[PDB]
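First up is the structure itself, then whatever we jot down about it.
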Amino acid sequence: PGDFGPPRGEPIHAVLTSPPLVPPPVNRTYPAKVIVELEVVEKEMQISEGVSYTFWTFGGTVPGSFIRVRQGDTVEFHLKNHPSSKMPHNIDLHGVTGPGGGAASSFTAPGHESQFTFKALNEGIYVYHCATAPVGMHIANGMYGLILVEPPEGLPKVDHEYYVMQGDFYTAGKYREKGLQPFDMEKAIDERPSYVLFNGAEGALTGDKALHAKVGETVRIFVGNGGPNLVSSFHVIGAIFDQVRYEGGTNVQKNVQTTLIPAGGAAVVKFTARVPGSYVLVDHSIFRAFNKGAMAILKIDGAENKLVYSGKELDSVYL
Amino acid sequence: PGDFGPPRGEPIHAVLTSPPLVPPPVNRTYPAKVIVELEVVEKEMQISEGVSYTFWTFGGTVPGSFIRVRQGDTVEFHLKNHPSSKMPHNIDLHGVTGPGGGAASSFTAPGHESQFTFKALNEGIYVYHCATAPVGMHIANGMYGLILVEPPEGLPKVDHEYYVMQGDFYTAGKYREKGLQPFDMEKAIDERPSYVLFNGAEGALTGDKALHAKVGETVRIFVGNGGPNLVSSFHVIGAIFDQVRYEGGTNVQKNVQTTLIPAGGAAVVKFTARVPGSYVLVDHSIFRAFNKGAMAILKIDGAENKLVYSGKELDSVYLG
Amino acid sequence: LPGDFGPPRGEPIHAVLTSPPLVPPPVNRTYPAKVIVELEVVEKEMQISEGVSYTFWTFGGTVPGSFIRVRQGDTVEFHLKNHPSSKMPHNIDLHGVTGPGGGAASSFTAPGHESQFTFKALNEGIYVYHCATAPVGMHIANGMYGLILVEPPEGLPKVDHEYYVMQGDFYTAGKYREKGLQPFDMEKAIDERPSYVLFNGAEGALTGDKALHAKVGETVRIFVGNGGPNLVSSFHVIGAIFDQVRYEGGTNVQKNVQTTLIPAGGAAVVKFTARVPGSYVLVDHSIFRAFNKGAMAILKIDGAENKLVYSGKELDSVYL
Ligand SMILES: O=N[O-]
Ligand SMILES: O=N[O-]
Ligand SMILES: [Cu+2]
Ligand SMILES: [Cu+2]
Ligand SMILES: [Cu+2]
Ligand SMILES: [Cu+2]
Ligand SMILES: [Cu+2]
């Protein structure tokens, strides 16, 4: 079970990436001791235009910092809780084998740092999240991210890797009602989200912050679903998934339009850019995408291929 | 990736089928140019007994006309919008590689026709739907269908193929409230459908409109889910799926009772009819099936096989 | 027909059914048998939560119902016994049955009656059974569901522990944890707004004294049903990773899965090895169900700490 022995070499200080970026491959044939530091920050951010929300974050972003390790690594986790935090936080990583996936070993009061160590026994793409009572509220405020545990051979090389995470959010106000929106427990219990978002905001991955790729380039997206409650009917408008690591497992389904991502679950999708234009990540529970903000953009630039996609060729009158 | 060369032979004028029928296998060894013509029609139809609804349709049905092509085919798509239409419409086919799955290239005003061409690069079974703002409304009014992209070698032969598509519907009125029912945007945004239906109506596939097969016949169902919002726990009462193309992909799960069909997704199920009687397609989120209309019938004709299924053999007094 | 091994051989087998969370032993058999299965329906008030009661409708006195274990190709002679204290008739649809209603049509049983019907278990798998008496949603919601395992001919790979767990959504007239005898609420059920989401028919059915157990080093197989009626489980074990999932209960496996979707009226099989001692939590990771509606069950692991795998908290320090 990832039995590649005791750690070797110098301890590696993991470099974490902010969404939507992914750390490079560990490019490593031996297990290492990997030191991971992650700081909780409670901060007001823009959930929608003119709409503020008090997010609780791992590394100041929703989703939180991406962590990349190799199956068989020993991970020395340091959870820091900023002095400015109103409350304690902890971490459950779905990649941990042990109680609370770390929750029991990571209670961190404001201004404190918890250290715990775990072996990454299983390859996969694992949701991590705060596991502080009430757990649903901590998740709903943005306390989730992904940790990639590579297989020992590493993943097949691609041109672009991206980090995207859906979440459902519960404001006291309705969708696009302006001002600082409190969290709404009643709506959260009833699974009636006001917003459904990729990367913590309407337009988090639109305009200048859109994902980018070129015609001919292979694209892998690690797609997390923090929930707390919703299951994503995950689709890219104008693309087909060549490969889906369905529910984030090792085995693949091929030629998929739309894949179900469980709440507190993940998937990996892979496809090749072939036509320039705007491609739209959506929850194909489609009112979420077009009426609650579940939309992110991948812009493809490069030469037109009119043999693959012509664009509109003729308009005519019809009786 | 569907690189079988330039289209060859005679240009094909696709014969589309109305649900629940499927066009025949393309039975071709070569990539072709396939001309597809599909007319949008807005029309009042019966959604339930004494209940009407203004459906928006590709080809006059919900779901829309079934399109069948081969991986590697160049599809020349003609979207016609009937002059009677109040709204413009377009089409996003999940089988299209490029912006909006064709939405960007298919804006069609009433009494207009849009032409756009694409290559079908990926085999699979793909939802198509209108992508006109508000997109959720156009889908909710029934603007969805399936396009089958065959592998180059074709699908394994079966006795029957059926076309079935779940949708969730949002009427101002409650379930079975009589009269012409408007669309309800509030129920749609809140994912609180008044009806969940196979093929656009309560009883669309019941009685004289049931699917049919005979004892001993292999059945393939292309099972679409137009949504807009619900995920189907898709089950056939009294059958087990020998094979499921889970999420409509190439690989297969075997021996599955109930398979989750994503909103804007599809599956293929295969089983063999062994025992005569009525088999019920349901959303096994079971209040949908028995209280909101999500039920369709497959009638199996032929000889009883009491060694597989006896029927009720005995009723006895029980004191317990 | 793979799964047809001809008619029963040897002496009839009187099946022993197990109450959750226990499973019958592997059958360990090389021939098709006539397996006589007897299952009694009992309607009874039970505690759904501390100081809250509910009138459950049960197969064999438990929610979920008694676990049935047979071999692919067995002839099952089913005896459904409805206790005369029952206020409703009941029947049974087993998702492992090939034929009308999965047996529902052959097992209509008035109070104080016994129905017999016979079927061949043609498909290996892990199948939901449930009552199919109108209103079907209500019979399921009152707890009439369980699992029947149809082993492959050679049996499943040996494990240290097999457990039986089944999620249900429940609809009370009152709110979550309001005390007293809670009526079924049909309006909440139709709206898919459960007051409780539970493992094995009650808050704490699988907590404290009733927790599951294994030892460090031991392989665990959990047969996870979802009776619904309406919800899909984002099924996770806090602190564990599924080495293998039989996704949607099918024969093929996915490897290294955190959270697997279990359809309404569906099932999965998860396998993992206990490596670290402590408390592991079965949840619906639609996580407000788990921590606000009671969708929480416990697996206690006992044995030697392994600090190389999980150290526990090593240091608390103060930082700016
Ligand atoms: O087969 N069950 O609804
Ligand atoms: O890891 N479960 O919330
Ligand atoms: Cu927290
Ligand atoms: Cu979790
Ligand atoms: Cu339209
Ligand atoms: Cu779509
Ligand atoms: Cu019953």
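Convention: sequence-line order gives letters A, B, ...; per-chain numbering from 1. Both backbone and side-chain heavy atoms feed into the values below; hydrogens, waters and symmetry mates do not.
Panel note: side chain A:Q243, backbone A:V252; no donor-acceptor pair is recorded below 3.5 Å. With A:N255 contributing its side chain and B:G124 its backbone, the two residues share no donor-acceptor pair below 3.5 Å. Of the possible donor and acceptor atoms, none in the side chain of A:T61 sits under 3.5 Å from a partner among the backbone N and O of A:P19. Checking side-chain atoms of A:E37 against main-chain N and O of A:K80 turns up no donor-acceptor pair under 3.5 Å. Between the side chain of A:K312 and the backbone N or O of B:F107, at least one donor-acceptor pair lies under 3.5 Å. Checked by atom type and distance alone, the side chain of B:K187 pairs as donor or acceptor with a backbone atom of B:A172 at under 3.5 Å. Under a 3.5 Å cut-off, the side chain of C:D284 and the backbone N or O of C:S234 do form a donor-acceptor pair. Of the possible donor and acceptor atoms, one in the side chain of A:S194 sits under 3.5 Å from a partner among the backbone N and O of A:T171. For A:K43 (side chain) and A:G60 (main-chain N/O), a donor-acceptor pair under 3.5 Å exists by modelled atom type. Judged by distance alone, the side chain of C:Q258 and the main-chain N or O of A:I125 form a donor-acceptor pair under 3.5 Å.
A:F271 has its side chain within reach of A:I221: a pair of non-hydrogen atoms, C-beta onward, lies under 4.5 Å apart. Counting only heavy atoms from C-beta outward, the side chains of A:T259 and A:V223 never approach each other to under 4.5 Å. A heavy-atom distance below 4.5 Å is not found between the side chains of A:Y170 and A:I189. A heavy-atom distance below 4.5 Å is found between the side chains of A:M165 and A:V127. No side-chain heavy atom of A:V158 sits under 4.5 Å from any side-chain heavy atom of A:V219. Residues A:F241 and A:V236 meet the side-chain proximity criterion, which asks for heavy atoms closer than 4.5 Å. Side-chain contact between A:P63 and A:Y163 is present, with heavy atoms from C-beta onward closer than 4.5 Å. A:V231 has its side chain out of reach of B:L260: every pair of non-hydrogen atoms, C-beta onward, lies at least 4.5 Å apart.
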Give the intermediate values and the outcome of side chain to side chain contact (heavy atoms under 4.5 Å, CB included) for residues A:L205 and A:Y162. CA-CA 11 Å; A:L205 296 173; A:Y162 289 125; over 6 Å; no
A:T132 vs A:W56, side chain to side chain contact (heavy atoms under 4.5 Å, CB included): CA-CA, chis, key distance, verdict: CA-CA 12 Å; A:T132 305; A:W56 301 345; over 6 Å; no
Please step through side chain to side chain contact (heavy atoms under 4.5 Å, CB included) for the pair A:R220 and A:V22, ending with a clear verdict. CA-CA 10 Å; A:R220 171 180 297 127; A:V22 181; over 6 Å; no
Are A:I261 and A:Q166 close enough, and set up right, to give a side chain to side chain contact (heavy atoms under 4.5 Å, CB included), and what steps lead you there? CA-CA 9 Å; A:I261 311 185; A:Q166 192 168 306; over 6 Å; no
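Taking NE2 from A:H284 and OG from A:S232, the interatomic distance works out to 10.5 Å, rounded to the nearest 0.5 Å. How far CG of A:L79 is from CZ of A:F58: 6.0 Å, rounded to the nearest 0.5 Å. One finds the CG atom of A:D301 at 8.0 Å from the CD atom of A:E217 (value rounded to the nearest 0.5 Å). A distance of 5.0 Å separates CZ of A:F234 from CZ of A:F198, quoted to the nearest 0.5 Å. Of the inter-residue distances, the one linking B:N90 atom CG with B:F116 atom CZ reads 9.0 Å to the nearest 0.5 angstrom. Distance check: A:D168 CG to A:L230 CG gives 4.5 Å after rounding to the nearest 0.5 Å.
Using a cut-off of 4.0 Å between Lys/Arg side-chain N and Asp/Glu carboxylate O, A:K292 and B:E191 are scored as not salt-bridged.
Heavy-atom minimum distance, A:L197 versus A:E202: CD2-N, 3.6 Å. Shortest non-hydrogen contact noted between B:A188 and B:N229 is O-ND2, 2.9 Å. Of all the heavy atoms in A:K86 and A:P110, the pair that sits closest is C-CG, 4.2 Å. Listed here is the closest heavy atom pair of A:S65 and A:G59: OG-CA, 3.8 Å. Summarising the geometry of A:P182 relative to A:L180, their closest heavy-atom pair is CD-O, 3.5 Å, with the distance given to 0.1 Å. The two residues A:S52 and A:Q46 come nearest to each other via the heavy atoms CB-NE2, 3.8 Å.
Heavy-atom contacts from other residues, nucleotides or ligands closer than 6.0 Å to NZ of A:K214 number 12 or fewer. Surrounding CD of A:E44 are more than 12 heavy atoms belonging to other residues, nucleotides or ligands, all under 6.0 Å away. In A:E304, the CD atom is not crowded: 12 or fewer heavy atoms of neighbouring residues, nucleotides or ligands sit closer than 6.0 Å.
A donor and an acceptor atom, one from each side chain of A:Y309 and B:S105, are located under 3.5 Å apart. If you check the side chains of A:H160 and A:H212, you find no donor sitting under 3.5 Å from an acceptor.
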Donor-acceptor pairs are to be reported for all side-chain atoms of residues 138-149 of chain A against protein atoms at under 3.5 Å, with residues two or more places apart or in another chain.
{"residue": "A:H138", "atom": "ND1", "partner": "A:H89", "partner atom": "ND1", "Å": "3.2"}
{"residue": "A:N141", "atom": "OD1", "partner": "A:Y53", "partner atom": "OH", "Å": "2.6"}
{"residue": "A:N141", "atom": "ND2", "partner": "A:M137", "partner atom": "O", "Å": "3.4"}

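Pairs of residues two or more places apart, or lying in two chains, that qualify as side-chain hydrogen bond (donor to acceptor under 3.5 Å, both in side chains) and include a residue from residues 271-281 of chain A are A:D242-A:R274.
In this structure, A:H94 and A:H129 have perpendicular ring planes: the angle between them is above 60°, well past the 30° mark. The aromatic rings of A:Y195 and A:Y175 sit tilted, their planes meeting at an angle between 30° and 60°.
Looking at residues two or more places apart in sequence or on another chain, you find a side-chain hydrogen bond (donor to acceptor under 3.5 Å, both in side chains) between A:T258 and A:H235.
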